[PDB]
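Colleague: One structure is given below, represented as structure tokens, and several questions about it will come after.
Please note: Cβ atoms are built from the backbone with ideal geometry, for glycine as well, and neighbour counts cover all protein chains shown. Each answer follows from the model by the rule given with it, or from the source it names; no laboratory read-out is quoted.
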Amino acid sequence: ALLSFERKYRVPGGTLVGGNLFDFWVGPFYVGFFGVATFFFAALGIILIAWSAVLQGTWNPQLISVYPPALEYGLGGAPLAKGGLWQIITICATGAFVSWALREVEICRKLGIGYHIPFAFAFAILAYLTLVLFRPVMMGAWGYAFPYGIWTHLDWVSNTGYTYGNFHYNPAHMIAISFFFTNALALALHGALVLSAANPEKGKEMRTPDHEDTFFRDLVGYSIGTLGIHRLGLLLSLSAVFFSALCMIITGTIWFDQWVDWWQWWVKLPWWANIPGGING
Amino acid sequence: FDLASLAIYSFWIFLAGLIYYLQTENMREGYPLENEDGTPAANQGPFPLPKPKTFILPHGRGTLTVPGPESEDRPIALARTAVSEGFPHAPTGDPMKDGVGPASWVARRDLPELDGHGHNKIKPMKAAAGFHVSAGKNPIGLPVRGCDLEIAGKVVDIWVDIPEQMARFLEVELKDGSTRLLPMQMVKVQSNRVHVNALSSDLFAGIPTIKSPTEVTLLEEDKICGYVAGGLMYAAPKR
Amino acid sequence: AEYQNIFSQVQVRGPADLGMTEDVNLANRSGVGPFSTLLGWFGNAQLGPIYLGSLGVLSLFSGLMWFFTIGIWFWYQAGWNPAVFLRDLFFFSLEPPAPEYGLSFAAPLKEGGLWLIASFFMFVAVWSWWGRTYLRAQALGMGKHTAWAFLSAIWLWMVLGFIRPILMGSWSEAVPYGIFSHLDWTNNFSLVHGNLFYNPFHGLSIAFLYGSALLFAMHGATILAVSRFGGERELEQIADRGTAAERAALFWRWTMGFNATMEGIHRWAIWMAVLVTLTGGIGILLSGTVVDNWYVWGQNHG
Ligand code: BCL
Ligand code: BCL
Ligand SMILES: CC[C@H]1c2cc3[nH]c4c(c3C)C(=O)[C@H](C(=O)OC)c4c3nc(cc4[nH]c(cc(n2)[C@@H]1C)c(C(C)=O)c4C)[C@@H](C)[C@@H]3CCC(=O)OC/C=C(\C)CCC[C@H](C)CCC[C@H](C)CCCC(C)C
Ligand SMILES: CC[C@H]1c2cc3[nH]c4c(c3C)C(=O)[C@H](C(=O)OC)c4c3nc(cc4[nH]c(cc(n2)[C@@H]1C)c(C(C)=O)c4C)[C@@H](C)[C@@H]3CCC(=O)OC/C=C(\C)CCC[C@H](C)CCC[C@H](C)CCCC(C)C
Ligand SMILES: COC1=C(OC)C(=O)C(C/C=C(\C)CC/C=C(\C)CC/C=C(\C)CC/C=C(\C)CC/C=C(/C)CC/C=C(\C)CC/C=C(/C)CC/C=C(/C)CC/C=C(\C)CCC=C(C)C)=C(C)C1=O
Ligand SMILES: COC1=C(OC)C(=O)C(C/C=C(\C)CC/C=C(\C)CC/C=C(\C)CC/C=C(\C)CC/C=C(\C)CC/C=C(\C)CC/C=C(/C)CC/C=C(/C)CC/C=C(\C)CCC=C(C)C)=C(C)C1=O
Ligand SMILES: COC(C)(C)C/C=C/C(C)=C/C=C/C(C)=C/C=C/C(C)=C/C=C\C=C(C)\C=C\C=C(/C)CC/C=C(\C)CCC=C(C)C
Ligand SMILES: CCCCCCCCCCCC[N+](C)(C)[O-]
Ligand SMILES: CCCCCCCCCCCC[N+](C)(C)[O-]
Ligand SMILES: CCCCCCCCCCCC[N+](C)(C)[O-]
Ligand SMILES: CCCCCCCCCCCC[N+](C)(C)[O-]
Ligand SMILES: CCCCCCCCCCCC[N+](C)(C)[O-]
Ligand SMILES: CCCCCCCCCCCC[N+](C)(C)[O-]
Ligand SMILES: CCCC[C@H](O)[C@H](O)CO
Ligand SMILES: [Cl-]
Ligand SMILES: [Fe+3]
Ligand SMILES: [K+]
Ligand SMILES: [K+]
């Protein structure tokens, strides 16, 4: 079935691979060569998770967990039941995500729109890969990656973070969190502002973007404007994920001690290092 | 008992209701779903259409009530390429001219968007009192080049959003002395030219023209923007 | 190359926009500030005017008093030494009363009293600012979505510094004013309650936080992607759907099988955001009051 206005857009064209061969839809979904690739990778991955489930002895989705090879395997391959499935499943995941992005590109091409969406998605993919590929490779073992389990992955987060003390002290992590909190603030404000203009007081005419600028100028002395706010959301989100990947790629590689101690470079600057008073004298 | 268990159970009931509500609010346009021939689809999904809401439009423009009867309100020059659902529909003529595919336009109202004071929101800069270029390369005067690397015209003004103070279109004069509007988002202002990847020089003539030289209607904007974006797919041939 | 509309190529400027009047008392609006060409590459160049009535003055005064109360305490801790002040800036902290003081206001200034004074000023600043968000919208005839959204943030703040400490029976439970010290508080809060990863409202708060970045990345990207069709003129796309809104919908329909509308994406947006702090405040409020240990709790529930 189609949206009422959809048919006019369902023209041939825009594919990156295969010409017309996979240029079609299943229901609402566009297929494309990358729809087929996504299906193959996702399916194989899911099948291999199920086999891992069988080798672990459970079907409970809150218990199924696929762990990377132990640290002793380094960056080699491991027997399938002892990290190899994780390795193949990670190949499937990466294949599925990149395929999903490229399918998104084929959709943008058919629709005549910018490529901003899959470009944004690529930041998420690169954060994933920082955790499962780049960081482990720099650290010298697949076993530094996170396991694929709903709860066991949180175990990895807590264990990894406390390896460096309170992870809050990672300065890149502080920036990342600030972007995440700022992004949610901006999302709440943006959704609120547009709804407050589109749904004004009872019986009143819809407001205009002029009213939106006015409201913000009145409240804080500045309005970023209707184009700006979308630029801003996109930047805040992607900056958050860039600084997340950054905060982890430096952890265990260039800095591997307690993060709290990083801050001593500042306290110990010679012009004030020895001055009495304060918390540090 | 447990108050935390009550809270988490309650929250999940709440969230299910919230998602149901949000999905139905998002069916205020485009539904009911249709077959490829425009008749109503047999399967509409498990979410029903929401009760209608009415937006009161400013400046005597009336109301919008949604959901309501959906109609394209324009001919669509496409035909099936298969004997079953789910395949592309091929243009029956020139898709740029007919406005299908990525060249598509919507039958918006053939009046200009107005600001909060009821004045036209988008005006040529020459008619916008006090407006001027304030930073960046001023495009007025520059030749305009298409993807065939040939010059199609010259920039004779910028059309500005008055309330949001922003460049929205370039007005480009063609060899015959007429002008067209190009979306700012589809042009690249360089030191010695403005380059337009989407169109080859010989497609500038066919950009939909505006009915009045100092204003642009939402319908006209949609035809102009659609045609220009459609060039990315269709400027192709050549020769 | 292809222009992506992340920064503008050409800026235009006209007379300062003094804004819509509606029922606003214009006597309380400032003149305009300066225009910033730097800002103008990314958003609007114009600074000001700002509205400042009696409530806004009270709110700024009170907020400044909060900041300066913490700040003078910092100077005090610095032994009034500017070099030490900069050196140890993130280590200073204005801390609440010790537990033995309960909820009384009898702690000496240097042992909790100043924390209470500062907190009092913060309470007035934030709630008067809340009042502003409501009244500024009202004066323009707008709905009150911002004031309602802001109240979700206010809920977590209030739980942290006011409701939970009162329910626990002491101000010692509240958050100190300091950069490192409030991070140390957060870590300790989790350790003491059995690891917040086991608190289902924390996991939800994280799903919404991450989800807010997913969604604003989706939505910002989408609107920029259809800006070549006027996509960011969202109010008029709501009133008179155009090919921007149709291409946006269909990108997502074709990608993931369903889509939004130009108005409704803003409802998904406002809820994804507010649910961060709504679920978060519930999770914190139950901690120690109803649930001492989330690991333990999760062994008997879910
Ligand atoms: C005790 C634990 C430590 C700690 C240790 C760590 C560790 C360890 C890490 C973080 C990371 C992060 N932490 Mg920290 N952190 C702590 C305290 C906090 C606090 C807080 C309030 O106290 C906050 C706000 C944060 C915030 C953050 C973020 C900056 C960052 C997580 C987001 C991210 O990477 O996204 C990036 C997004 C992704 C990885 C998602 C990728 C999605 C992929 C591409 C697509 C998936 C598709 C899916 C399979 C589809 C399924 C089917 C469909 C749904 C149908 N931490 C404490 C102190 N923190 C992480 C980080 O920065 O990672 C890079 C990280 O590894
Ligand atoms: C070791 C640390 C513990 C932990 C301890 C805590 C604690 C403790 C808390 C959180 C909370 C949260 N944590 Mg945790 N957290 C951990 C691990 C993580 C990880 C991770 C990847 O490991 C992540 C992603 C998170 C993520 C999150 C967030 C979802 C949530 C905060 C939402 C928010 O917006 O707050 C930010 C928003 C606010 C604080 C609202 C502020 C609003 C007020 C009104 C603003 C006033 C402004 C003021 C006047 C100043 C004005 C200045 C201006 C310039 C004018 N945590 C580990 C397990 N986490 C919070 C929560 O809700 O938990 C349930 C919380 O209390
Ligand atoms: C860069 C900023 C943020 C971002 C952006 C973003 N995400 C996106 C997009 C964008 C712009 C999309 O276009 C795309 C989309 O289609 O969204 C609807 C997407 C997407 N973000 C998603 C999820 C997601 N994004 C997240 C984060 C973020 N996404 C960032 C914060 C997170 C987290 C944890 O924060 C998650 C879970 C998906 C909804 C969607 C991608 C869909 C996709 O890739 O589909 C193809 C793949 C499959 C259908 C399944 C693959 C199955 C695997 C082969 C096996 C499983 C392996 C997996 C590693 C196991 C993990 C277990 C866990 C318990 C740890
Ligand atoms: C719903 C979830 C999210 C959210 C929502 C939200 N926040 C909001 C709103 C909404 C909807 C508003 O309407 C309101 C607002 O007005 O935004 C513009 C607000 C707000 N959220 C704010 C902060 C904030 N929000 C946060 C978080 C969030 N807010 C969530 C993620 C956070 C954190 C920690 O994540 C912070 C710090 C404020 C910008 C604003 C509320 C302002 C307020 O109450 O102000 C009273 C204080 C004053 C009037 C003056 C204070 C003075 C300064 C402390 C000193 C400045 C003096 C000096 C000369 C300059 C120094 C600057 C340095 C501090 C850098
Ligand atoms: C319909 O269309 C729409 C419009 O058009 C009509 C609009 O116009 C608008 C309106 C929109 C706007 C007006 C724009 C709003 C702006 C934002 C949401 C934020 C923009 C912010 C940024 C671009 C940058 C933020 C920076 C980040 C994330 C990196 C910072 C990293 C850090 C680690 C911060 C660390 C700070 C420290 C350590 C403090 C320094 C030390 C001290 C001792 C002083 C601390 C002081 C305090 C008072 C403590 C509290 C401190 C805070 C809160 C610090 C502030 C934090 C920052 C990160 C700056 C909307 C919504 C809209 O919809
Ligand atoms: C202003 O504007 C805007 C809009 O609009 C106006 C919008 O809308 C949106 C979008 C935003 C929303 C709608 C808001 C809600 C969104 C969120 C809260 C974000 C989070 C979203 C979700 C969690 C939903 C996630 C859903 C996903 C990722 C999709 C679900 C996916 C599947 C089931 C995968 C299916 C797809 C595939 C596999 C790719 C290709 C498709 C195929 C059908 C492949 C087929 C190929 C084959 C070879 C099939 C062969 C079959 C065989 C052999 C047999 C089958 C066997 C089986 C076992 C099945 C935004 C931002 C916006 O700003
Ligand atoms: C150059 O130096 C000067 C002095 C000029 C300026 C410098 C100032 C400085 C250095 C300021 C530093 C400020 C800092 C670092 C502030 C950090 C603040 C943080 C991180 C705060 C974090 C969390 C706070 C919370 C959650 C507070 C909640 C508080 C409330 C809910 C208030 C509750 C109210 C109470 C307890 C009072 C009750 C009394 C009545 C009557 C209701
Ligand atoms: C090594 C240099 C990397 C630069 C850092 C990138 C930060 C986040 C990028 C977001 C850019 C897109 N945006 C949102 C501005 O439009
Ligand atoms: C985490 C939030 C995910 C919410 C997803 C719910 C959306 C389902 C909508 C599908 C219906 C589309 N349809 C068939 C009516 O066209
Ligand atoms: C959220 C961003 C805050 C930006 C604050 C900008 C305030 C500028 C107000 C202009 C005041 C001009 N005046 C009155 C001093 O002449
Ligand atoms: C300590 C500051 C006090 C909070 C400020 C109160 C303003 C709330 C505005 C609500 C007004 C409602 N109504 C219908 C009378 O307009
Ligand atoms: C308005 C969008 C609604 C999005 C819904 C997202 C649900 C995420 C699932 C997280 C489960 C967390 N936990 C521990 C409570 O089970
Ligand atoms: C967190 C789980 C999110 C899953 C939502 C998946 C999107 C559903 C798409 C439904 C459209 C399928 N259709 C048209 C045949 O109904
Ligand atoms: C008492 C509950 C045990 C749960 C059970 O052992 C798991 O589902 C194993 O898959
Ligand atoms: Cl709502
Ligand atoms: Fe928007
Ligand atoms: K002029
Ligand atoms: K405990």
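Colleague: Of the residues that sit in the range B:52-73 and are touching a helix residue (DSSP H, G or I) at 6+ places or on another chain (Cβ under 9 Å) and part of a loop (DSSP other than H, G, I, E, B), which one is nearest to ligand 17 (Cβ to nearest atom)?
Modeller: Taking the candidates together, the pick is B:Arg61.
Colleague: Looking only at residues that are among the aliphatic types (A, V, I, L, M) and touching a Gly at 6+ places or on another chain (Cβ under 6 Å) in the range C:88-141, which one is nearest to A:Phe216 (Cα to Cα)?
Modeller: C:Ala125
Here's the yes/no breakdown for (1) away from chain A (no Cβ under 14 Å); (2) touching a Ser or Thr at 6+ places or on another chain (Cβ under 6 Å):
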position: B:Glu164; (1), (2): no, no
position: B:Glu173; (1), (2): yes, yes
position: B:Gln190; (1), (2): yes, no
position: B:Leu199; (1), (2): no, no
position: B:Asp202; (1), (2): yes, no
position: B:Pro208; (1), (2): yes, no
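Colleague: Output the number of the condition that C:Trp268 fails; it satisfies all remaining conditions of (1) under 30 Å from B:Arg61 (Cα atoms); (2) within 16 Å of ligand 15 (Cβ to nearest atom); (3) buried (at least 24 other Cβ atoms within 10 Å of the Cβ); (4) within 7 Å of another protein chain (Cβ to nearest Cβ).
Modeller: For C:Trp268, the exception is condition (3).
Colleague: Let me ask something else. Every residue in the range C:243-276 that is touching a strand residue (DSSP E or B) at 6+ places or on another chain (Cβ under 6 Å) and either more than 6 Å from ligand 6 (Cβ to nearest atom) or of a type in the set (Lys, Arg) (or both), please.
Modeller: C:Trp254
Colleague: Name the residue, out of A:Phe180, A:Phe216, A:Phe243, that is assigned to a helix (DSSP H, G or I) and without any contact (Cβ under 8 Å) to a residue 24 or more places away in the chain.
Modeller: Criteria check complete, one pass: A:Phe216.
Colleague: Quickly run through the range A:106-118 and pick out the residues that are surrounded by 19 or more Cβ atoms within 10 Å (Cβ to Cβ) and in a helix (DSSP H, G or I).
Modeller: The answer is A:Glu106, A:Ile107, A:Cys108, A:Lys110, A:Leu111, A:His116, A:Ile117, A:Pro118.
Colleague: Still on this structure, I have one more. Looking at the range B:1-39, which of its residues are part of a helix (DSSP H, G or I), touching a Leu at 6+ places or on another chain (Cβ under 6 Å) and within 14 Å of chain A (Cβ to nearest Cβ)?
Modeller: Listed by number, the list is empty, since nothing qualifies.
Colleague: Let me ask something additional. Take the residues in the range A:45-84 that are surrounded by fewer than 18 Cβ atoms within 10 Å (Cβ to Cβ) and of a type in the set (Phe, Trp, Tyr), then tell me which one is nearest to A:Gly149 (Cα to Cα).
Modeller: Selected residue: A:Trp59.
Colleague: Let me ask another. Is it the case that some residue within the range C:62-72 is assigned by CATH to the domain that holds C:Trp130, touching a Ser or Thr at 6+ places or on another chain (Cβ under 6 Å) and away from ligand 10 (no atom under 16 Å from the Cβ)?
Modeller: Within the range C:62-72 (the criterion being assigned by CATH to the domain that holds C:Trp130, touching a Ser or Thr at 6+ places or on another chain (Cβ under 6 Å) and away from ligand 10 (no atom under 16 Å from the Cβ)), the answer is no, since none of the residues qualifies.
Colleague: From the list B:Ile19, B:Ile13, B:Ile56, pick out the single residue that is within 16 Å of ligand 3 (Cβ to nearest atom) and β-branched (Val, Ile, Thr).
Modeller: Of the residues listed, the single one that is within 16 Å of ligand 3 (Cβ to nearest atom) and β-branched (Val, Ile, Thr) is B:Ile19.
Colleague: Which members of the range C:222-252 meet the condition of being over 23 Å from B:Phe55 (Cα atoms) and within 16 Å of ligand 9 (Cβ to nearest atom)?
Modeller: C:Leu250, C:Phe251, C:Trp252
Colleague: Closer than 25 Å to A:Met206 by Cα and surrounded by 13 or more Cβ atoms within 10 Å (Cβ to Cβ), is that true of B:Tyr20?
Modeller: no
Colleague: I would also like to ask the following. Scan the range A:171-182 and give yes if some residue there is within 11 Å of another protein chain (Cβ to nearest Cβ) and in contact with a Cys (Cβ under 7 Å, 6 or more places away or on another chain), otherwise no.
Modeller: Yes.
Colleague: Being more than 14 Å from chain C (Cβ to nearest Cβ) and of a type in the set (A, V, I, L, M, F, W, C) is the filter here, so list the residues in the range B:147-162 that pass it.
Modeller: B:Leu149, B:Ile151, B:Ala152, B:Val156, listed by residue number.
Colleague: Taking the range B:209-229, which residues are within 13 Å of the chain's Cα centre (by Cα) and acidic (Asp, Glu)?
Modeller: B:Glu220, B:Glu221, B:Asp222 - these are the residues of the range B:209-229 that are within 13 Å of the chain's Cα centre (by Cα) and acidic (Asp, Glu).
Colleague: Of the residues A:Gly140, A:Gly114, A:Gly165, only one is more than 9 Å from every other protein chain (Cβ to nearest Cβ), in contact with an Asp or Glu (Cβ under 9 Å, 6 or more places away or on another chain) and not hydroxyl-bearing (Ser, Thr, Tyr); which?
Modeller: Every option except A:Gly165 fails the conditions.
Colleague: Moving on. Tell me which of these C:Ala153 doesn't satisfy, since it passes every other one: (1) within 10 Å of chain A (Cβ to nearest Cβ); (2) closer than 23 Å to C:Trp66 by Cβ; (3) surrounded by fewer than 18 Cβ atoms within 10 Å (Cβ to Cβ); (4) not polar (S, T, N, Q).
Modeller: Looking at each condition in turn, C:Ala153 falls short on (3).
Colleague: Another one. For the range C:178-194, state whether one or more residues are in contact (Cβ under 8 Å) with a residue 60 or more places away in the chain, surrounded by 19 or more Cβ atoms within 10 Å (Cβ to Cβ) and away from ligand 7 (no atom under 11 Å from the Cβ).
Modeller: yes
Colleague: Among the residues of the range A:17-67, count how many are more than 16 Å from ligand 9 (Cβ to nearest atom) and outside any helix (DSSP H, G or I).
Modeller: Of the residues in the range A:17-67, 20 are more than 16 Å from ligand 9 (Cβ to nearest atom) and outside any helix (DSSP H, G or I).
Colleague: Right, another one. Anything in the range B:76-93 that is touching a helix residue (DSSP H, G or I) at 6+ places or on another chain (Cβ under 8 Å), in a loop (DSSP other than H, G, I, E, B) and without any contact (Cβ under 8 Å) to a residue 24 or more places away in the chain? List them, or say none.
Modeller: B:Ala77, B:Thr92
Colleague: Can you tell me which residue is nearest to the other protein chains (Cβ to nearest Cβ) among those in the range C:182-194 that are within 15 Å of ligand 18 (Cβ to nearest atom) and touching a helix residue (DSSP H, G or I) at 6+ places or on another chain (Cβ under 9 Å)?
Modeller: Per the criteria, the residue is C:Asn187.
Colleague: If you don't mind, there's one more thing I want to ask. Which one of these is touching a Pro at 6+ places or on another chain (Cβ under 6 Å), closer than 30 Å to A:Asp210 by Cα, of a type in the set (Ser, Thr, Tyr) and without any contact (Cβ under 8 Å) to a residue 60 or more places away in the chain: C:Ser30, C:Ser54?
Modeller: Sole residue among the options that is touching a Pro at 6+ places or on another chain (Cβ under 6 Å), closer than 30 Å to A:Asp210 by Cα, of a type in the set (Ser, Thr, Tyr) and without any contact (Cβ under 8 Å) to a residue 60 or more places away in the chain: C:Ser30.
Colleague: Take residues that are within 30 Å of B:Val155 (Cβ to Cβ) and facing another protein chain (nearest Cβ under 9 Å) and tell me which of the helices (runs of 4 or more DSSP H) falling wholly in the range C:1-115 contain 1 or more.
Modeller: Hits in the range C:1-115: C:37-40.
Colleague: Separate question: Go through (1) aromatic (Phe, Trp, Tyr); (2) surrounded by 17 or more Cβ atoms within 10 Å (Cβ to Cβ); (3) closer than 23 Å to C:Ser59 by Cα; (4) outside the structural domain of C:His266 (by CATH) and name the single condition C:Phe123 misses.
Modeller: The one condition C:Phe123 does not meet is (2).
Colleague: Starting from the range C:122-149, keep only residues that are facing another protein chain (nearest Cβ under 7 Å), then list their pairs with residues that are of a type in the set (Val, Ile, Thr) and within 13 Å of ligand 2 (Cβ to nearest atom) whose Cβ atoms are within a distance under 7 Å, requiring at least 6 positions of separation or different chains.
Modeller: Going by the 7 Å Cβ cut-off, the qualifying pairs are C:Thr146/C:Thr133; C:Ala149/C:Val274.
Colleague: Sort out which residues of the range C:195-217 are free of Cβ contacts under 8 Å to residues at least 12 places away in the same chain and more than 7 Å from every other protein chain (Cβ to nearest Cβ), and write them in order of number.
Modeller: Scanning the range C:195-217 gives C:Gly203, C:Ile206, C:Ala207, C:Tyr210, C:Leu214.
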